[PDB]
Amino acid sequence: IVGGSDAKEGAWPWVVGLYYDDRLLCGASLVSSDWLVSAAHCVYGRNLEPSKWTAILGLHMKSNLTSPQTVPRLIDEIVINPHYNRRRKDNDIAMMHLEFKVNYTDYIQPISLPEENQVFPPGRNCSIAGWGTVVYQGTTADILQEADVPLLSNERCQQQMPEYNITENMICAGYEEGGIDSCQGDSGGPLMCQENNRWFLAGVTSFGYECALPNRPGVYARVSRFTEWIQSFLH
């Protein structure tokens, strides 16, 4: 996360860090007691031995090794979206199953999927959080970083990203002046939006051109487009 600041413990209790070969590579969001939502590009091509992935839930600072609120879980199934197109970056979303369920606490809670026909309006600020790079081509955060970013319309995002195919399956967020954005290592994490005192998972961190440039917004997979499919896994 570029231009954000340290989160407080408990700030975003659905945010989960995903480890592979001992490195936190991507974020993910807890959506039930045993399913995460993350990005397909994070796991694509390396999902079929799913026990190589570990989720840490209730995570705040990577270096805090005596944290009693963090809970590890092996992953035992990873399902990429059946429409995912790697070349086009379209449908960039995956489901990951926790080997054993988690009990919810102030530090571990699921985030709601969007309500039917919920609108997340261009111009509204939503929040992002992750342990990825703090500046473009910089280093990964220790303490979870958070920031707020405004949504764009897809028309405006496509004009700013003419090199890319911005589809109905994507939602974009960032500032005209740049400075605040998701970055490498944040992929898979939530774009989350508040309505009526409740948080909804509006997007999943997907891609962008570099990070935090002016007039270059972050692109996220639009979760409302996948709610039926995500629901298909749940108990």
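Residue positions are given as counts along the sequence shown, with the first one as 1.
Asks: Report the stretch with the higher mean CA temperature factor, choosing between 87-95 and 111-119 on the basis of the entry.
Replies: If you average the C-alpha B-factors of 87-95 and of 111-119, the larger mean comes out for 111-119.
Asks: Please work out which of 220-228 and 9-17 has the higher mean CA B-factor as recorded in the PDB entry.
Replies: According to the entry, 9-17 carries the higher average C-alpha B-factor.
Asks: At the C-alpha atoms, which of 208, 50, 203, 185 reaches the highest B-factor in this entry?
Replies: Checking the PDB record, the top C-alpha B-factor among 208, 50, 203, 185 is at 50.
Asks: Considering only 145, 103, 160, 154, which residue's Cα atom bears the greatest B-factor as recorded?
Replies: It is 103.
Asks: Sort the modelled residues of this chain by their C-alpha B factor and say whether residue 150 lands in the lowest, middle or highest third.
Replies: Tercile = middle for this residue's CA B-factor.
Asks: So where's residue 126 on the chain's Cα temperature factor ranking, which third?
Replies: It falls in the middle third of the chain.
Asks: Split the chain's modelled residues into thirds by Cα B-factor; is residue 27 in the lowest, middle or highest one?
Replies: CA B-factor rank for residue 27: lowest third.
Asks: Comparing residue 75 with the other modelled residues of its chain, is its CA B-factor in the lowest, middle or highest third?
Replies: Middle third by C-alpha B-factor.
Asks: Can you tell me whether residue 65 has a C-alpha B-factor in the lowest, middle or highest third compared with the other modelled residues of the same chain?
Replies: CA B-factor rank for residue 65: highest third.
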